[PDB]
Amino acid sequence: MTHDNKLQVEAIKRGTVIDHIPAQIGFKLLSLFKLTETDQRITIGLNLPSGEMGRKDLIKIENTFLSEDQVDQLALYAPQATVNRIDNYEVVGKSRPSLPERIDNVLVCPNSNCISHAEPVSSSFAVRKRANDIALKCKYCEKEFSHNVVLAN
Amino acid sequence: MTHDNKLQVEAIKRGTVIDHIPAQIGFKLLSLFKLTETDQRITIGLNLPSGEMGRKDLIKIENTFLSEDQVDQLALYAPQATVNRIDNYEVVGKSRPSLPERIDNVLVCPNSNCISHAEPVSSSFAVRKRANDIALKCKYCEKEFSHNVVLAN
Amino acid sequence: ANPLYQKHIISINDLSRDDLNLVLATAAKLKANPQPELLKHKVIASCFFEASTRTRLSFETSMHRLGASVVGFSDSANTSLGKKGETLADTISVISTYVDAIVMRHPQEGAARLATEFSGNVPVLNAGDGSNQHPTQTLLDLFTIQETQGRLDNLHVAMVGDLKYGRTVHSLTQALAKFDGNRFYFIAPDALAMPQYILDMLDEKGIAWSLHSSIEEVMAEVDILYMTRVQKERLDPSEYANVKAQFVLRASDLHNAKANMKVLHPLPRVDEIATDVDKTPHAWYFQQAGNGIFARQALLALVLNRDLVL
Amino acid sequence: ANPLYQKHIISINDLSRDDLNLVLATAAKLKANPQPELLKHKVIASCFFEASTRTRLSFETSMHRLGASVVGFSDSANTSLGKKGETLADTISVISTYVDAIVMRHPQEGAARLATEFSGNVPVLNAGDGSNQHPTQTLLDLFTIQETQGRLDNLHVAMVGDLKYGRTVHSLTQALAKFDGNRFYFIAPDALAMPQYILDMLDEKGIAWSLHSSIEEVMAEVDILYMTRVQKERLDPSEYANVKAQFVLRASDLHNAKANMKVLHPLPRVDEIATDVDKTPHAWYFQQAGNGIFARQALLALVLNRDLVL
Amino acid sequence: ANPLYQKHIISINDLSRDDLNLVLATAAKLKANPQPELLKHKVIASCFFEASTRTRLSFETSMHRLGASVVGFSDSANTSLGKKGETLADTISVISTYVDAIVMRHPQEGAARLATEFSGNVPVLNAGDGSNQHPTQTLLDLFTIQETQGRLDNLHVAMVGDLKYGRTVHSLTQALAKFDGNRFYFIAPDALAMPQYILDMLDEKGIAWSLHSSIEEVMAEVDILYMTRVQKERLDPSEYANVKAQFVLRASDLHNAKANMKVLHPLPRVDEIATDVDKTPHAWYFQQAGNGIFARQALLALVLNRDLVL
Amino acid sequence: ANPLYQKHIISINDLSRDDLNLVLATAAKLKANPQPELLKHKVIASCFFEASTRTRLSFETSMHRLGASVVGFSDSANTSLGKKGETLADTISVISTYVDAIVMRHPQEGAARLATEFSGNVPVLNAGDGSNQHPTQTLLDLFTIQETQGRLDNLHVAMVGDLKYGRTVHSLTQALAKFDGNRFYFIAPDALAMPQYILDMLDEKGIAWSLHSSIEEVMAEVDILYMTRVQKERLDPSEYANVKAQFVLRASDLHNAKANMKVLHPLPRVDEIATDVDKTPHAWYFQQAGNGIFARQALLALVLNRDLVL
Ligand SMILES: NC(=O)N[C@@H](CC(=O)O)C(=O)O
Ligand SMILES: NC(=O)N[C@@H](CC(=O)O)C(=O)O
Ligand SMILES: NC(=O)N[C@@H](CC(=O)O)C(=O)O
Ligand SMILES: NC(=O)N[C@@H](CC(=O)O)C(=O)O
Ligand SMILES: [Zn+2]
Ligand SMILES: [Zn+2]
């Protein structure tokens, strides 16, 4: 419980932290989840080395906490991401993303004839895990696809 | 010329630095100029106070330099931005953004009948400064607009 | 027999303040206490020589709501009347021997008036002649303003968009000008400004009005925000987009609006009112359209039923 | 209040076995004892953004049969909604302020579901979104099988033709799979076989099913012969004709059928069932269509009337 | 090799005064001494994505007058290109491997310019992108004025009609402003006035210009009476006719015209120039159209032939 | 007189290996040394009963490149032939008394063959009967492979996409099977696999071929990457997109391709080859289309000119 500050990583106080992010997934989380749309401070690190081999991405949002559902909404993009909460100028929480049962406002329906495209509604898909593949079902057209098809827009 | 560092600002060696960025202009520069699309390290700071009043944004890309034209391609978004170059683990260059004569691959033509929309070409506009307004002319339709109209897509 | 019994309703300008009040009152009452069999054994013709689904469903729904029967068409080469030889007169001379009333929309100005000279004791209601007098449209607008504002006098009205080719706005301005102390704010690009004959009319009556470049200037003092439809055709695609600036409404613009202010719009909307406005308390264009049912029910009631009570 | 009161009926898959039973029972009763004024003062919108005469006449007839009033359109450039700018949402947001219910068919999947989010307490019934969930179609099929077979369990069902692009069959297979002991026989050319996800579903429930090249193999043990529509487009004109072999039904094929076996077919028929089949006792596709009236009447009754008795 | 050899001709504003002079000079020479075999073994593509018979006939006739070969289309359900998805880019990337030159007209602005990035050493001549840069059209106007007036400097030019949407006049005004001492007279209804940016351009060059309500005011001192086309769409049928007053030319108005004054009109005429004008010596619109051949022949010669003499 | 003199060119399968070689040889020679007057005083009919701009422009351009004269049409409400009753026979019996050669495209299979029985010594070139035998199309593909690869034997060929309905690949596979030691790689979704009769033909000749799910597997050893067109109609919009996976080409996939590998595509492209491929050295589809001129010029020369030299 002290005041010893470092450098190669910015460890300010009071904020949610997203550690361990696959290469090229950090910027997407930013875009997809509108995480920069606020006045609270934000410290971002890209291509920063960490424990596990290779390179990764790091995101920190001062004075802002993510629910349980929100963290999970990262499973599809950052499955091995760590989300440490921070207060008291220290770690007061921690959790790992778990594949949700539903994903909204972020995916696009592969079906060109789906009503959701020209309409003022939020996209929505039902989730199901299976051998070498995630199945996403559209709330609207009720058509089902592999996440590898849905993430190739 | 020595080793001694600070936390409330990442000051790694070798790389271009974009200081003083209007609030909500940092994330756009990232998107608009595909700056995260590389393997080189990137340190981003958002809503960080500086020399002047009005929270700002900060961007730093290790081992990568911007030309003269590129820097200028920031005048329309970050007019009061400072772009300090860095090597020797210190400032080896510096320049401010000056309104270019051309702006490609980023703006969208407000004219819905312009051929550039459904086609595989890069957008392109001519720039002219004037009273309370910048005039952008499409390379293709040759129609002219105010930057306040072009940037309202 | 009420003053409007068996009368033709062609132009909003043929209606006196008393008539307007009479229609407006009947509408509130039919809305409060529905009367399903008022026009039980009546058969009304819905003749849409020119298609207009929204307005058609609205009128026809009104008809059924009063127990009336409906026959008609939404001509658009979907019928056999288009046979250019046959005159509108002859068509009305025939249809008027079949029904008890004629609700008609036509692409030509004066269609309904002419119909009046060939129907015979059979009243004709003007859906709308292209470009002239869409009666029931102004009545539903008026009815909606009265209900939300509680009155039609001493109001601050702003009309935005294409005020040059916007007949619903010409019609609504003239109607509101039959009430006292209203203040008008006209926001529109020079190329589509309010016609000079409208301003002359407002001057004759000493009615206050002023021009403004954007909604921001007035917002804080407007009770009614009437949003108009801007067709790209009246302009060049480059001219449109260009000027389209701030003549469109977004939730942002409503930060300092008055708690009672209501936003209205003849319903074809897009490129005018951002969907983020739909959730605010000011959005009232779907309610507006919803009132078309009562205003049109009221009109049919007064015209086809001698003495309607509460 | 019955379980389906004021509910939206969009996908056959959103209905529980209890719901199906409830609709099926109501239909038999309305068929035995007609109730002409059940929906007397109600106004229902028949919105066919996409034309479908047969289904339209069927739904609308159901409506009148219960005394309800109808307004709507069979859009196909015959209306003014097609104006591409305006969203389906905005259209439903308007029409839902006019009527008590919305029966709609649309060329796009999800149309009705979306409508549900913009109508408000006003229930929407899915005629059909192109390619997804035609509720009342499966309900009339089920109702027809139940009536002729006396039950929906322990039946031998054969489905012939284009099982790949046949939604009425995907829908009917899934529905019958909510009943026990049914045996399925799938007859179709490889290029149009039953989708693997349907077979997986039947496997999960341990339901017996097998593939067969022609109707001749099963005929002797089938209680229901569901004939599908094979559009030439899904194939090449040469491929069609070629394979069209024995996927068509002729009276000859019925020599050893079971006395109770019934032949069904979503009604667009030709190039599938020879007219010499119309006179046999097995032909039941016109009766099938005839049951659409009761199944759809039942649906409207349950949705718009709190507590319907016998 | 002449300055225009292998050059693309997209915008009039891309041509220097020398270029204009060079094209004009060549036209007069080809007109005086025809060269039928100049482009003998050449094949030119006449791609009219957007139909325009008069202009197409003119261009194509020019191609034959020079011996060139012609292939192409007028795309409006006349071809299979419209099929959506296939870009203009790909279309030009293909056609440009077939022909030696591409003359194209397209409904979208910037179509020819874009074509230039996909053709490859194969020159593209912009018939016209809808409402942007009709080069050959302005060149034929200039050639007509020079031939009838003997020069393009120190002239009195009157442009009447729809100066706001009249692209032929925006281009002609800019071309003429590249020459010295011209005096301009703009006659048009306020709602269709010459755009402010054209006037700004004229002020920059200190060129004299003035507005007038009718032709009568200037007639006595005009050398060129450029008559524009007034589409009814840019206005209301009532607004049209109404203002149509005196913006039309009749033989009467020509009583005090200068002997050398010529009347021009992009060719779609009617409701602008009364037939009684055709017989006067001033009428020159058909001669004008006649000059399109030489102006367009000249452009082709310079672009496809290295060094053309007299 | 060359072997193809005055011969009809209806089916690719009607041409012997010598014929192919002879056409290919001629094409290269005409390409190296153009002969603008070869068919000087000849008139050829370009009869496109079914529109096909690209192919028509290509053929017609070929006719002019040789000096021939051209008359014809693209029949789709563009002519008066469609008038029903008048047979194709009679149409050809007439036109064949006008011209020296008939190049035709028709929506029905066997149209060109039938034409041959009514033309009379006047040769008919089959542009294409819808989905049967597009001779010149295969000849231009072969000519492209031979020119880029230097031969048509012992090559590794990959065909991707809709191999079931892709007639250009059925023809190209059969043409290539007339040459020795070629290795074939068929990449496609099961629902659009190469027809069994093509594979049988390859087995008969002991030709090597294999199926693969994606291009990645073979890429490293392919000399020709033949990209096919995948119409959405042959499937369901959901089925399309879904399977569309990796059946599309992107510059990325080309990282380990052989230096000499060429990418081809009958020209309607989009949703198959990403534009980022256009800049690589492998992209050869526009060059491919470019070769249609020489292949079609060659066919015309051999058919209309007794003895053509180098
Ligand atoms: N024709 C009209 O006057 N109105 C149309 C809307 C439209 O213009 O599309 C309607 O549906 O009401
Ligand atoms: N459109 C449909 O879904 N059905 C049509 C039959 C047809 O396809 O012609 C009908 O009349 O019901
Ligand atoms: N479309 C055009 O640009 N021109 C038409 C004239 C016309 O509009 O009728 C023509 O025939 O040249
Ligand atoms: N119809 C055809 O056979 N070909 C079309 C291409 C297309 O289908 O768009 C063409 O332009 O060549
Ligand atoms: Zn969907
Ligand atoms: Zn543009």
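Residue numbering for chain E follows Swiss-Prot, covering 2-311 in order.
Header says: X-ray crystallography, 2.4 Å.
Cβ atoms here come from the backbone N, Cα and C positions, even for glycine.
Secondary structure at E:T56 (carbamoyl phosphate binding site), as computed by DSSP, is helix. Counted within 10 Å of its Cβ, the other Cβ atoms near E:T56 (carbamoyl phosphate binding site) come to 22, all protein chains included. Taken from Swiss-Prot, the feature carbamoyl phosphate binding site applies to E:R55, E:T56, E:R106, E:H135, E:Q138, E:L268, E:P269.
Sequence-distant neighbours of E:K85 (L-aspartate binding site): no residue of the same chain at least 6 apart has a C-beta under 8 Å from its C-beta. Under the heading L-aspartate binding site, Swiss-Prot lists E:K85, E:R168, E:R230.
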Below 8 Å Cβ to Cβ and six or more residues apart, same chain only. Which residues does that give for E:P269 (carbamoyl phosphate binding site)?
E:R55, E:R230
Which of the three DSSP states, helix, strand or coil, fits E:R168 (L-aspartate binding site)?
helix
Out of E:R55, E:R106, E:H135, E:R168, E:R230, which of these binding-site residues shows the lowest number of other CB atoms within 10 Å of its CB?
E:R55
Counting across all protein chains shown, how many other Cβ atoms sit within 10 Å of the Cβ of E:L268 (carbamoyl phosphate binding site)?
15
Cα-Cα distance linking E:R168 (L-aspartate binding site) and E:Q138 (carbamoyl phosphate binding site), given in Å to the nearest integer
10
Applying a 10 Å Cβ distance cut-off over all chains shown, what neighbour count does E:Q138 (carbamoyl phosphate binding site) have?
24
Roughly how many Å separate the Cα of E:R168 (L-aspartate binding site) from that of E:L268 (carbamoyl phosphate binding site), to the nearest whole number?
13
Quick one: largest C-alpha distance among E:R55, E:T56, E:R106, E:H135, E:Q138, E:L268, E:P269, binding carbamoyl phosphate per the record, in angstrom?
17
